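Participant: Chains as they are written, first to last, in the authors' numbering: chain B, 2 to 358, 365 to 422; chain C, 2 to 357, 366 to 422; chain D, 318 to 358, 364 to 370.
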């Protein structure tokens, strides 16, 4: 299929189509350039000064993001953690056992000049500070990431945590739609702080100020869906990471799987930089995103939906993937795991079922080959029971948003 | 069928019908005339002066487009990019590796006289400039291209990006229907700037000011649908670009396909001028438009709809194409790809499945299938008809004159 | 719908022409990779 000719006049035609690139970029294949993560807190005025600027700037739609960065740096050197063991990652040697380290032991610089209001913008605010002002500012990042009315949901919830240890309350004013302090997420230095805070308190899960992670969390594995819809597929099929892989049955899902699994990235490592590859600015395009893994996403999510996932009803249905072959491949996989359950004596009182005592009736376990063979036999065209199976798994779902793999599934199987 | 006679009196009739032309025009078959793309920034007053003219003219329905062109030229010579490799296109040698180039390294001239308000139209605005005023002005191009209430959608969205690195509200006033600053798109020199900005930041995807592409993007592949519904059809059938072509089954779709594929146009080239063939005024009628590719459009889009495209529910249904034969041809193609999956073991642990009348073909070969269709009376079976029904029933929110509303009316009943 | 035309015969004449063009499509391989369906490989009353 390299050379295409046109029958009627026997001339050559050369089917090409527009380019398309932006490669992904991996964590490791970055620390091979720079070996530090730069945090441009440009300015160091005064913590007290800053405490004020914000406190007020916060009852107004024009608190400067260069200020909060500085208040946070200001309020957050509780260099307040002791490594019980070593800490490394991608070469970068964070610390060594017994040691004492603090959040910003991830590489601070400073830069460009003129900051906004001067001196002391209200001297009234006191050391109600490390207590709650930071936690609130960090919390806001999380509330910023969502567009939907669930936002003032996380806000209501995400404002009762300051009440803790100090009782506080609300500050802003305006609604959302990314505008009130949502630009915050776009400040390359704001994220580097929320990322370092989350990462720090992942290591010292036990700390008193560990509470901060409230809004600092959704930083972890940002733009890393696929590589975690994958662990959800494992959990829901009760299969092993290696057995799941074998059941991948389409070129792209396989291509995509390799992509995510390429070694030396510490994806499986306890506390590494990798989860934060996006907010530390380690990577601009994520190898682990549900957008560079569209087939693996539709596949793994459709499959989990058939297997009774609730999480999956509301996954979004990628465009420009091969829908029909992808779904059949997931029906097969769902039907395998679904019919041949999981059944097996585990405890006994001296007696126990020693188990290993028609054609066209489907395979006994969950081997990719036995099943692939039975499907060959069936005309590589799904039986009316595995089709009935799908129907029973999607009929009786409701509240289905447009363009979710759930609304996709019910339209395709319920009728 | 050259000579038609009329039986009853045996005289000759000569069926002719009204003319119709405007050929397309290709990129390459243009740089064979001129070898430069002229950007008539007529005037050069002062950047500071200009910064003002706009800032005010913007809180009013009469800022002159000759002014924004100039403010932009003014604010945009961040000659701020280094070629890691060579850059060429259609002969025109943009630069050479290691080099430093800036946006307007695509051929500036100047012309005709008298400009509008003089001197300094408010001296108050400061160097809040390269920061955001341009990005906003460019942004507007995008908001201008749409007629539907989704416009103030892109505007809401498209105004939060200035907040970034600077922050402060929206300028205009009036609603749109092409009038408030939508005439902007019609300024031959405005487009040439938005095109050169987009093209420049496509090459240096990594730049700090690359953010500008927010509204500068929908310039790329403007009036170039077909030649990209085509890649969408490939993606959605999992087939190769060459294998898809073989499944073209009607004269015009084939004619149209040749048209788009004619060589020496850099359509497949990384960063070329071609995507902008329309806004650089390289071409007035596009070879790659869904209007000079109406059959290839109906075909590829109908087919992709049957295969579950969401993108395609809302494609518009061309007029003056051969509907019945085109759809059947797409049903066949959809039914092929649809029934016979491309399953196949991809990973294993030492063991793996060694895989190898009137019931349809095993794979997706154009010939096996064409033969099975011959056998079936070249009149689609009642399953492939049931197939189509399951792919269209249960669609809703269907706009009039989309290939989606076309499909559901044709198959759901 | 014009008046003073012969409706019944005109419509039948158009049904025939629509039914022709409608049932028998104009399928035919257009592109190939070295292989292509050489097409010209019921009894009665089944239409042309």
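A virtual CB, placed ideally from N, CA and C, is assigned to each residue, including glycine.
Am I right that residue 441 of chain B and residue 214 of chain B are in contact with their C-beta atoms under 8 Å? What's the rounded C-beta distance?
Facilitator: There is no way to answer for residue 441 of chain B, as the model of chain B reaches only from 2 to 422.
Participant: Taking 8 Å as the CB-CB limit, is residue 90 of chain C close to chain D?
Facilitator: Residue mapping note: residue 90 of chain C aligns to position 89 of the second chain, counting from 1. Judged by the 8 Å Cβ criterion, residue 90 of chain C is not in contact with chain D.
Participant: Could you check which residue in B:256, B:231, B:283 has the C-alpha nearest to that of residue 310 of chain B?
Facilitator: Here residue 310 of chain B refers to the residue found at position 309 of the first chain. Closest option to residue 310 of chain B, Cα to Cα, is B:231.
Participant: For a quick check, are the C-beta atoms of residue 159 of chain C and residue 216 of chain C less than 8 Å apart?
Facilitator: Mapped onto the second chain, residue 159 of chain C falls at position 158. Mapped onto the second chain, residue 216 of chain C falls at position 215. For residue 159 of chain C and residue 216 of chain C, yes; Cβs fall inside 8 Å.
Participant: Which residues, in chain order, does the stretch 202-222 of chain B contribute to contact with chain D at a C-beta distance below 9 Å?
Facilitator: Of all residues in the stretch 202-222 of chain B, none has a Cβ within less than 9 Å of some Cβ in chain D.
Participant: Out of D:338, D:366, D:325, point me to the one whose CA is closest to residue 387 of chain C's CA.
Facilitator: Taking the first residue of the second chain as 1, we reach residue 387 of chain C at position 378. The shortest Cα separation from residue 387 of chain C among D:338, D:366, D:325 belongs to D:338.
Participant: Can you name the residues that DSSP bridges to residue 110 of chain C?
Facilitator: Translated into the one-based positions of the second chain, residue 110 of chain C becomes position 109. Its beta-bridge partners are C:41.
Participant: Based on the DSSP secondary-structure assignment, which residues constitute the bridge partners of residue 5 of chain C?
Facilitator: Counting from one through the second chain, the residue named residue 5 of chain C turns up at place 4. Residue 5 of chain C pairs with C:14.
Participant: Does any residue of chain C bring its CB to less than 8 Å from the CB of residue 330 of chain D?
Facilitator: The sequence position of residue 330 of chain D within the third chain is 13, counting from 1. It does not: the Cβ of residue 330 of chain D has no partner Cβ on chain C nearer than 8 Å.
Participant: Among B:343, B:376, B:190, which has the Cα closest to the Cα of residue 353 of chain C?
Facilitator: Position 352 of the second chain, counted from the first residue, corresponds to residue 353 of chain C. Nearest of B:343, B:376, B:190 to residue 353 of chain C, Cα basis: B:376.
Participant: Name the one or two DSSP bridge partners that residue 83 of chain C has.
Facilitator: Along the second chain, read from residue 1 onward, the residue named residue 83 of chain C stands at position 82. Paired residues: C:101.
Participant: Under three-state DSSP, which class holds residue 185 of chain C?
Facilitator: Taking the second chain and counting its residues from 1, the one referred to as residue 185 of chain C is at position 184. Assignment of residue 185 of chain C by DSSP, reduced to helix, strand and coil, places it in the helix class.
Participant: Let me make sure I understand the geometry here. Which of C:235, C:288, C:229, C:267 has the alpha-carbon closest to that of residue 256 of chain C?
Facilitator: Along the second chain, one-based indexing puts residue 256 of chain C at 255. Among C:235, C:288, C:229, C:267, the Cα nearest to that of residue 256 of chain C is on C:288.
Participant: What are the uninterrupted segments assigned as alpha helix (DSSP H) that are 4 or more residues long and contained completely in the stretch 232-266 of chain C, given in chain order?
Facilitator: 242-247, 252-262
Participant: Please work out which residues of its chain come closer than 7 Å, Cβ to Cβ, to residue 303 of chain B, disregarding the five sequence neighbours upstream and downstream, and give them in chain order.
Facilitator: Taking the first residue of the first chain as position 1, residue 303 of chain B is located at position 302. 328, 331, 412, 416.
Participant: Does residue 411 of chain C come out as helix, strand or coil in the three-state DSSP assignment?
Facilitator: For the purposes of this step, residue 411 of chain C is identified with residue 402 of the second chain, where counting begins at 1. Three-state DSSP puts residue 411 of chain C in a strand.
Participant: Using the C-alpha atoms, what's the distance from residue 77 of chain C back to residue 229 of chain B?
Facilitator: Residue mapping note: residue 229 of chain B aligns to position 228 of the first chain, counting from 1. Residue mapping note: residue 77 of chain C aligns to position 76 of the second chain, counting from 1. Going by the C-alpha atoms only, they are around 43 Å apart.
Participant: Mind listing which residues of the stretch 7-20 of chain C have their C-beta closer than 9 Å to chain B's C-betas, in chain order?
Facilitator: none
Participant: Which chain B residues are close to residue 258 of chain C, counting only those with a beta carbon under 8 Å from its beta carbon?
Facilitator: The residue given as residue 258 of chain C occupies position 257 in the second chain. Within chain B, the residues 14, 16 have their CB atoms less than 8 Å from the CB of residue 258 of chain C, given in chain order.
Participant: Name the one or two DSSP bridge partners that residue 96 of chain B has.
Facilitator: Position 95 of the first chain holds residue 96 of chain B. For residue 96 of chain B, which the question treats as bridged, DSSP gives the partners B:88.
Participant: Can you list the residues of chain D that residue 4 of chain B reaches, using a CB-CB cut of under 9 Å?
Facilitator: Residue mapping note: residue 4 of chain B aligns to position 3 of the first chain, counting from 1. Under the 9 Å cutoff, chain D gives 350, 351.
Participant: Is residue 251 of chain B close to chain C, meaning its C-beta is less than 8 Å from at least one C-beta of that chain?
Facilitator: Within the first chain, residue 251 of chain B is the residue found at index 250, counting from 1. Yes - at least one Cβ of chain C is within 8 Å of the one on residue 251 of chain B.
Participant: For residue 348 of chain D, name the three-state secondary structure that DSSP assigns.
Facilitator: Within the third chain, the letter at position 31 stands for residue 348 of chain D. Note: residue 348 of chain D maps to strand in three-state DSSP.
Participant: Would a check of beta-carbon distances place residue 387 of chain C closer than 8 Å to chain D?
Facilitator: Indexing the second chain from 1 puts residue 387 of chain C at position 378. Closer than 8 Å: yes.
Participant: Let me check you understand the geometry: is the CB of residue 276 of chain B closer than 7 Å to at least one non-hydrogen atom of the ligand SAM?
Facilitator: Only the bare structure without any ligand can be found here, which leaves the ligand SAM out of the picture.
Participant: Going along chain B in order, which residues have a C-beta closer than 9 Å to the C-beta of residue 347 of chain D?
Facilitator: Here residue 347 of chain D refers to the residue found at position 30 when the third chain is read from its first residue. Listed along chain B are 7, 8, 9, each with a C-beta nearer than 9 Å to that of residue 347 of chain D.
Participant: Whose CA, out of C:325, C:378, C:226, lies closest to the CA of residue 18 of chain B?
Facilitator: On the first chain, residue 18 of chain B is found 17 positions in, with the first residue counted as 1. Comparing Cα positions, the closest option is C:226.
Participant: With respect to the alpha helix (DSSP H) encompassing residue 57 of chain B, which residues constitute its N-terminal and C-terminal limits?
Facilitator: Taking the first residue of the first chain as position 1, residue 57 of chain B is located at position 56. 48-58 is the span of the alpha helix (DSSP H), which, as asked, contains residue 57 of chain B.
Participant: Measure the CB-CB distance between residue 91 of chain C and residue 28 of chain C and report whether it falls below 8 Å.
Facilitator: The residue given as residue 91 of chain C occupies position 90 in the second chain. The residue given as residue 28 of chain C occupies position 27 in the second chain. Their beta carbons are under 8 Å apart, which means residue 91 of chain C touches residue 28 of chain C by this criterion.
Participant: Determine, using beta carbons only, whether residue 98 of chain C comes closer than 8 Å to chain B.
Facilitator: The residue you call residue 98 of chain C lines up with position 97 of the second chain. So, not an interface residue.
Participant: Would you please state the rounded distance, in angstroms, between the beta carbons of residue 107 of chain B and residue 197 of chain B? I believe it to be under 8 Å.
Facilitator: Here the question's residue 107 of chain B lines up with position 106 in the first chain. Here the question's residue 197 of chain B lines up with position 196 in the first chain. About 5 Å separates the two Cβ atoms, so the contact holds.
Participant: Apart from the five residues on each side of it in sequence, which residues of its chain come closer than 6 Å, Cβ to Cβ, to residue 100 of chain B?
Facilitator: Within the first chain, residue 100 of chain B is the residue found at index 99, counting from 1. Excluding residues within five positions, the ones whose Cβ falls inside 6 Å are 84.
Participant: Determine whether the Cβ of residue 168 of chain C lies closer than 8 Å to any Cβ atom of chain B.
Facilitator: Working through the second chain from its first residue, we reach residue 168 of chain C at position 167. So yes, residue 168 of chain C belongs to the interface.
Participant: Let me know if residue 128 of chain C comes out buried or exposed under the rule of 16 or more other beta-carbons within 10 Å of its beta-carbon.
Facilitator: For the purposes of this step, residue 128 of chain C is identified with residue 127 of the second chain, where counting begins at 1. It counts as exposed.
Participant: Taking the straight line between their C-alpha atoms, what separation do you get for residue 424 of chain B and residue 261 of chain B?
Facilitator: Absent from the model: residue 424 of chain B. The displayed extent of chain B is 2 to 422, so no value can be given.
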